[PDB]
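Spelled out, the chains give:
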Amino acid sequence: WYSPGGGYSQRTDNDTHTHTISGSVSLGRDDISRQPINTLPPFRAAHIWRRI
Amino acid sequence: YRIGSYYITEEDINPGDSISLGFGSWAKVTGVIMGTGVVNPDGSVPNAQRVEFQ
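Residues numbered from 1 in each chain as written, not as in the entry; some residues may be left out. Chains lettered and ligands numbered in written order. Part of a larger assembly, values for the part shown. Heavy atoms only, no water. Residues with missing side-chain atoms left out of burial classes, pairs and counts.

Method of determination, as given in the entry header: cryo-EM; reported resolution: 7.4 Å.

Dropping the structure here:
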């Protein structure tokens, strides 16, 4: 709307909204993807466990 | 290394009465391995020498 004033008629079918309308949305993301477990840099690492 | 349950010195009359008796800590390990090396058997770097503190 350009806010044009009619010469004889009145544009009563146009109005400015004041507040938004809340609606129900559909589903979204399901879950997270794969993640890493354990440390690869530590695999096969030699560990000293000999007693005194 | 000698192991005994009697609290008598090696030089005492009750003991053998020879040599010097000294306290020993831990168990004697055969020279070649030191124990814990590798989770899957690969082997670590062992220690050797007598009297050496490492």
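(A) Layout of the overall build of chain B. What chain B contains, in helices and strands, is zero helices and zero strands. Computed over the C-alpha atoms, the radius of gyration of chain B is 16 Å, more than 25% above the 10 Å expected from 2.2 N^0.38 for a compact globule of 54 residues. Overall, the C-alpha framework of chain B stretches about 50 × 20 × 15 Å when taken along its three principal axes. (Helix = DSSP H or I, 4+ residues; strand = E, 2+ residues; numbered from the N terminus. Rg over C-alpha atoms; globule rule 2.2 N^0.38 Å.)

(B) Representation of the overall build of chain A within the structure. The helix and strand tally for chain A stands at zero helices and zero strands. Radius of gyration (C-alpha) of chain A: 34 Å, far over the 10 Å computed for a compact globule of 52 residues. Dimensions of chain A, computed from C-alpha atoms along their principal axes, come out at roughly 105 × 20 × 20 Å.

(C) Local environment of unusual backbone geometry. Located in the positive-phi region is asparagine 38 of chain A, a residue other than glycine, with phi close to 80°. Even without a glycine there, the phi angle at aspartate 17 of chain B is positive, about 70°.

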